[PDB]
Amino acid sequence: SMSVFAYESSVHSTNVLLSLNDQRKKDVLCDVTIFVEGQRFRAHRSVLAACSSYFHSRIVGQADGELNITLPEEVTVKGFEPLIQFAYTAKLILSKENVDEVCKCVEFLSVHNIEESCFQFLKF
Amino acid sequence: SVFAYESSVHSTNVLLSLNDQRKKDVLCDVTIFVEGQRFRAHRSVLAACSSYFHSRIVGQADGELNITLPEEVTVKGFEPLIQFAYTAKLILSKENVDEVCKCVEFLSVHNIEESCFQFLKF
């Protein structure tokens, strides 16, 4: 019973994610370092938790300062890098060289599994 | 690119999760005091959305950050904007329109002309 005028922006969530990706790439305002085959990746724990049940479990209730997470040897840079890029851009690209590793990393880090999707194109 | 997937919902889903964290006060890293009332957020999101906050966030220490907004900023005007930041929806009302318009200017590079919404007061 109060008059209201509401705006829903179709660009805002995309624009926030673009800004979070720029922070990640330029290593500013991030708060977690992920070690993958010993190589350093920077991210925001809030975004990793939103995007991966594996990371969420390693992030709940941790200390307030910089956090370090080491992923085990099952996770390669080849399979992980396309996925952190999907988390921050909404776009996932798989190459002939990395498709197997990425599929393995999706299953390892998330509740999803893309093997059966990729399998549908095996014959043509 | 043997396979390429583009998700039209992913950015919305990440923002939904950030909003849930904000409201439940988990995985946040900045407190904002507005008329003394406590709000929680992620400095990364505030810096992405507000030039005022960005200037008060970059280069600060890694631990918890605390920002006190001055008396110019009212809860009435600020709360609809933090809600827009975290949800992409801005609700203007008869009661809040002038204050929200003032806080937009105060906090960001944008402007909303209050004169264009005075019909909310009819």
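A quick note on method: Cβ atoms are made from the backbone with ideal geometry, for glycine too, and the neighbour counts reach across all protein chains shown. Any read-out appearing in this document is the output of simple, stated calculations on the displayed coordinates, not a laboratory observation.
Numerical summary
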read-out	value
Residue within the range A:54-61 that is farther than 20 Å from residue A:109 by Cα, in a helix (DSSP H, G or I) and of a type in the set (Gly, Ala, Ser) present	no
Residue within the range A:36-50 that is over 29 Å from residue A:115 (Cβ atoms) and acidic (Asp, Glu) present	no
Residue list for the range A:24-48, filter: out of contact with any strand residue (DSSP E or B) (no Cβ under 8 Å at 6 or more places or on another chain) and either among the acidic types (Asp, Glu) or crowded, with 22+ Cβ neighbours inside 10 Å (or both)	A:29, A:37, A:46, A:47
Unique match (being β-branched (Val, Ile, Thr), under 11 Å from the mean Cα position of the chain (by Cα) and either within 21 Å of residue B:44 (Cβ to Cβ) or more than 9 Å from chain B (Cβ to nearest Cβ) (or both)) among A:84, A:59, A:69	A:84
Members of the range A:99-109 found to be more than 29 Å from residue A:11 (Cβ to Cβ) and more than 9 Å from chain B (Cβ to nearest Cβ), listed by number	A:100, A:101, A:103, A:104, A:105, A:107, A:108
Within the range A:62-122, helices (runs of 4 or more DSSP H) holding 2 or more residues that are touching a residue at least 60 places away in the same chain (Cβ under 8 Å)	A:77-89
Any strands (runs of 3 or more DSSP E) falling wholly within the range A:1-43 and containing at least 3 residues that are more than 7 Å from chain B (Cβ to nearest Cβ) and touching a residue at least 12 places away in the same chain (Cβ under 8 Å)	A:32-36, A:39-43
One residue from A:118, A:103 being touching an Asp or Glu at 6+ places or on another chain (Cβ under 8 Å) and either closer than 29 Å to residue B:61 by Cβ or surrounded by 14 or more Cβ atoms within 10 Å (Cβ to Cβ) (or both)	A:103
Per-region count, the range A:1-36, residues within 14 Å of the chain's Cα centre (by Cα) and aliphatic (A, V, I, L, M)	6
Residue match in the range A:54-72 (condition: over 16 Å from residue B:10 (Cβ atoms), acidic (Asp, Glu) and touching a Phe, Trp or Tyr at 6+ places or on another chain (Cβ under 7 Å))	no
Members of the range B:44-61 that are hydrophobic (A, V, I, L, M, F, W, C) and free of Cβ contacts under 8 Å to residues at least 40 places away in the same chain	B:46, B:47, B:48, B:57, B:58, B:61
